[PDB]
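The block underneath contains the structure these notes are about, expressed in structure tokens.
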Amino acid sequence: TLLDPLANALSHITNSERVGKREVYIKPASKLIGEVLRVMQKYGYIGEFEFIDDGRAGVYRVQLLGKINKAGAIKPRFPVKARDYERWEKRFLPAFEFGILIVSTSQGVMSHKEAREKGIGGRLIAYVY
Amino acid sequence: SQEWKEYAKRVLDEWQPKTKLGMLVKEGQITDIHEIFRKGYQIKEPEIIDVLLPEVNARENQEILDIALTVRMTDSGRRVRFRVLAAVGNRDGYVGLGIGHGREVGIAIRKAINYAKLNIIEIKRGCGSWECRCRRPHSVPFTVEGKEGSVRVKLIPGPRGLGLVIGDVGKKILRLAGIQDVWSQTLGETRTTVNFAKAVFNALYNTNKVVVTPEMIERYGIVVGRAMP
Amino acid sequence: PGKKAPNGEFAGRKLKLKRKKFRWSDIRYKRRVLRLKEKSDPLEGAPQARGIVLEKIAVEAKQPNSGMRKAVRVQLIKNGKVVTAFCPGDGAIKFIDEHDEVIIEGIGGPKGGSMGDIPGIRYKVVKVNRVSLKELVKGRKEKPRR
Amino acid sequence: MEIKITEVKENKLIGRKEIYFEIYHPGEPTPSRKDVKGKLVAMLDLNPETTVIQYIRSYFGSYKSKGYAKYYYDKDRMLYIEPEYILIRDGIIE
Amino acid sequence: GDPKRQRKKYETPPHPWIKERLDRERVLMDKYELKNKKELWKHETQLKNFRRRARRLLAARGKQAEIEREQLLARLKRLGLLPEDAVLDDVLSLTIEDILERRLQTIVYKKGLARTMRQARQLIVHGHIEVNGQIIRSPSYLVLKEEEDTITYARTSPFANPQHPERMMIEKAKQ
RNA sequence: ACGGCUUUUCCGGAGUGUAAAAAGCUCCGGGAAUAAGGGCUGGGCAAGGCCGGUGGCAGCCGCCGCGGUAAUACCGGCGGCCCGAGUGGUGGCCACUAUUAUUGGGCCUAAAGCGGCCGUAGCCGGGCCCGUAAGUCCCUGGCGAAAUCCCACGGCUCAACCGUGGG
Ligand SMILES: [Mg+2]
Ligand SMILES: [Mg+2]
Ligand SMILES: [Mg+2]
Ligand SMILES: [Mg+2]
Ligand SMILES: [Mg+2]
Ligand SMILES: [Mg+2]
Ligand SMILES: [Mg+2]
Ligand SMILES: [Mg+2]
Ligand SMILES: [Zn+2]
């Protein structure tokens, strides 16, 4: 049954855009989904999006640009110390400043490049590149 | 660089082409190797490369990976024929790899070296490791993977000075292309050099299938083809 | 086939139990924790032994070979068991007399066992009366006790 | 041999002075004890029978040796706190 | 547990019979006239350690990584192997033939004190050379930079007299 | 094969060193004089298409594999290759092995899906809002002996070893 409406979202995006689609409808829509999309757009990976309500959890219209290689979800959601990012970067991304590693810090959701500035940690949730 | 530059001036006369790219080349229109590739042509005349990459035949830009004789039975014994695998490339930015078949060893080598010029590709180089952060074209720009047969390879960037740490018949291919430092992680059966060679070739090809921003370029140093020879 | 069984965050115990239970289906780890080499082993965890010869024999080589390989029957000291040893070198069987104190090594085959065509021999003589058989076979030294 | 003295350090409790010097002698053996004692007792004009030479030793291929000597005000004090073997090696007592 | 055992300061090759490796090390042994291979791997390790040290201080950050960073350029250029304005990245482009140019043998030969490298070895090991006023009898000493100019003959050596029938053959080559 | 040179090492001799000795170190007299073995030589794997023995016998062989009267593979001689005051043999652990797999393995036909279904503990669990602060994150006090590990500098001829500082 439905256990993770975030993994479904990122895998559906990566299946769609790999074949050529220009729009997707993320069916169940948390505020955590939208909070990922907010920072997955700022770096230049998707177009623009809005929330279409239908009396049951709403949906998400997101239109692609054909500019991502692979997205997914770090599932066990390990915690990371503030000085120990590179160790996890050498497992997911393919170069020294490639992609982003979305972290759920104590002050919102933000890419690790903005966590190492303020020096904080938090559970990992997903990764895009 | 002269003897391998009068060679083209000698070849460019006694060659009356039959395809169309031949006409384009022999009429001075197309004049540089970097402009027959990303446009959807077909290449069937092996003299086109002798004129734009005249060094591909220098005997130190050539290589004979394996030779093996195979057999088929018949009611009058066994009929035995060879198979050679050969690669060619200037040690800058271009490689090719082909096979060829025959019933003796010079003829198989000849056809192999031929079909290794009609299977040529250009790659992307850079420096994407975590240790070295210079901007020089000695290594792969970012990890890539290519598969073949039953053999998966994965090529990881490595810091300047560390050599080539890969199998035996990977070193020849990665030395003919210009790469000088790399790491590696493989699977499957890596004793059949045909499949191992084709997986390394496919990984080097897949190098140019990853999307990059106009700013990631001046952070790894990605050069395409030659880079100030 | 599914994904993989206990990939949870608070699922440590089941994971450790799964791995510990499927480690026993191995055969090198089982043979080590139980200490099964010993108590089935006439040399008892040693790299040599010393025995007293009883007789001299010869064996037949394997299927696609032809010959007879010379050998001896040694009776150990620390146990009293009987092992079959093999004399290496061209003309060694001409020195081993009865009632000799010989030394005994392995033979170095796969899995510590036997090797080559000699199928059931797994020990080889090195010293006879404290004079290296290697020398005796090629001159270079004299033999004690007659 | 030519001697340079590097440290004369007094001592009011034991009642003595420590003399740290060094010999420079390229092409000659290590000096004797009689000879170093003579040069010292002529240089600083001490008593020639209360001064002891604790050690002189030569380093690896340096043609320069390091010494260290002790000199006493009272005689019997020396003969009381100083060990036995050093007086014999330096010949004072027998 | 166990106490400290002393450990070897070099590393062998992984496979002892790679062809294009023997034919590459054969050249360096004949050119500098080393005694045995164990004398050469010592320097290869002496270099690999530098590379492995400057390879960790470059993906690092903090207070004390900074302090150690500039203590690697310090020695690495006080020893002569780098120029006076080199950045950290140059430690990665060093080559074995740059260490082997710093043994005492090569320096006593690259200054006219000897006729040929296999003669400077005997000159040293019999005790005639003199590095900064101190006889040294080890031809593999890595000479520093602050003293490269102060190498002469011993003050009490037969060579230190410009009439020795051997010491005059020496400059018969410098022409 | 002729000419010269040196004395680290080697014999005697003098200082010094040491609780007394001995080693060691500085100076003298002689002398190139006193000082290279061990394993491999068919492929994996660097190195011979040479000579004489042996005739499915003797032997070799970690695995594949040689020997049947024309042996590059066994026994010698002559050549050559790798290490070198060392070099080979037999046992044990790690890597090799993604043949124990959290990173990171498999399950139609190759080893492996319970004959089928219900269900207890346990692991996994939809959307929104308001509190708490156990988990998790950052700052700061008290602890986790010395020796051991990495780095710079200094002392024994450099170095092994020892000291003063930073981790
Ligand atoms: Mg032979
Ligand atoms: Mg060979
Ligand atoms: Mg398997
Ligand atoms: Mg929920
Ligand atoms: Mg401690
Ligand atoms: Mg000193
Ligand atoms: Mg030091
Ligand atoms: Mg210490
Ligand atoms: Zn680089």
* Within the stretch E:70-88, can you find the residues that are in contact (Cβ under 8 Å) with a residue 12 or more places away in the chain and within 16 Å of ligand 9 (Cβ to nearest atom)? -> E:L88
* Structure fact -> Counted residues in the stretch D:47-91 being polar (S, T, N, Q), within 30 Å of E:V131 (Cα to Cα) and within 16 Å of the chain's Cα centre (by Cα) come to 2
* Scan the stretch A:103-117 and report the pairs whose first residue is among the acidic types (D, E) and whose second residue is assigned to a strand (DSSP E or B) and surrounded by 13 or more Cβ atoms within 10 Å (Cβ to Cβ), with Cβ atoms within less than 9 Å and a gap of 6+ or a chain change. => A:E114/A:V103
* To do: Name the residue, out of E:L92, E:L123, E:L113, that is surrounded by 14 or more Cβ atoms within 10 Å (Cβ to Cβ), within 16 Å of ligand 9 (Cβ to nearest atom) and either of a type in the set (V, I, T) or free of Cβ contacts under 8 Å to residues at least 60 places away in the same chain (or both).
  => E:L92
* Verdict on B:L174 being within 16 Å of ligand 9 (Cβ to nearest atom) and either of a type in the set (K, R) or outside any loop (DSSP other than H, G, I, E, B) (or both) -> yes
* Asked: Looking at this structure, is E:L28 touching a helix residue (DSSP H, G or I) at 6+ places or on another chain (Cβ under 7 Å), within 11 Å of another protein chain (Cβ to nearest Cβ), touching a residue at least 24 places away in the same chain (Cβ under 8 Å) and within 15 Å of E:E101 (Cα to Cα)?
  -> no
* Looking only at the stretch B:118-136, and only at residues there that are under 29 Å from B:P46 (Cα atoms) and part of a loop (DSSP other than H, G, I, E, B), the one that is nearest to the other protein chains (Cβ to nearest Cβ) -> B:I123
* Asked: Which is within 12 Å of chain B (Cβ to nearest Cβ) and surrounded by fewer than 19 Cβ atoms within 10 Å (Cβ to Cβ), of A:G119, A:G66?
  -> A:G66
* Could you say whether any residue in the stretch A:12-34 is within 14 Å of another protein chain (Cβ to nearest Cβ) and touching a strand residue (DSSP E or B) at 6+ places or on another chain (Cβ under 9 Å)? -> yes
* To do: Kindly indicate which of E:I67, E:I18, E:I99 is within 30 Å of E:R167 (Cα to Cα) and away from ligand 9 (no atom under 16 Å from the Cβ).
  => E:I99
* Which condition number in (1) in contact with a strand residue (DSSP E or B) (Cβ under 8 Å, 6 or more places away or on another chain); (2) not in a helix (DSSP H, G or I) is the one that C:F10 fails? -> (1)
* Structure fact -> Those residues of the stretch C:107-146 which are touching a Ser or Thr at 6+ places or on another chain (Cβ under 9 Å) and among the β-branched types (V, I, T) amount to C:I107, C:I121, C:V126
* Every residue from the stretch D:35-94 that is in a strand (DSSP E or B) and surrounded by fewer than 13 Cβ atoms within 10 Å (Cβ to Cβ) -> D:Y55, D:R57
* In this structure, is B:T190 of a type in the set (S, T, Y), more than 12 Å from every other protein chain (Cβ to nearest Cβ) and more than 16 Å from ligand 9 (Cβ to nearest atom)? -> yes
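A quick yes/no check of all residues on (1) within 14 Å of chain A (Cβ to nearest Cβ); (2) farther than 30 Å from C:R130 by Cα:
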position	(1), (2)
C:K3	yes, yes
C:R13	no, yes
C:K30	no, yes
C:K39	no, no
C:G45	no, no
C:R50	no, no
* Asked: Given (1) in contact (Cβ under 8 Å) with a residue 40 or more places away in the chain; (2) within 14 Å of chain B (Cβ to nearest Cβ); (3) exposed (fewer than 12 other Cβ atoms within 10 Å of the Cβ), where does A:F78 come up short, assuming only one miss?
  -> (2)
* Which one is surrounded by the most Cβ atoms within 10 Å (Cβ to Cβ) among residues in the stretch E:7-41 that are more than 10 Å from RNA strand F (Cβ to nearest atom) and closer than 26 Å to E:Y109 by Cβ? -> E:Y32
* Any residue at all in the stretch C:32-53 that is more than 25 Å from C:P119 (Cα to Cα) and within 8 Å of RNA strand F (Cβ to nearest atom)? -> yes
* Structure fact -> Among strands (runs of 3 or more DSSP E) entirely inside the stretch A:38-82, those with 3 or more residues being among the hydroxyl-bearing types (S, T, Y) and touching a strand residue (DSSP E or B) at 6+ places or on another chain (Cβ under 7 Å) are none
* Structure fact -> Within the stretch A:4-30, residues of a type in the set (D, E) and surrounded by fewer than 15 Cβ atoms within 10 Å (Cβ to Cβ) come out as A:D4, A:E23
* Asked: Looking at this structure, is E:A65 of a type in the set (A, V, I, L, M) and in contact (Cβ under 8 Å) with a residue 12 or more places away in the chain?
  -> no
* Take the residues in the stretch B:140-171 that are touching a residue at least 24 places away in the same chain (Cβ under 8 Å), within 11 Å of another protein chain (Cβ to nearest Cβ) and in a strand (DSSP E or B), then tell me which one is nearest to RNA strand F (Cβ to nearest atom). => B:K154
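Read-outs: derived from the displayed coordinates by stated rules, not from any lab. We place every Cβ from the backbone using ideal geometry, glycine too, and count neighbours over all the protein chains shown.
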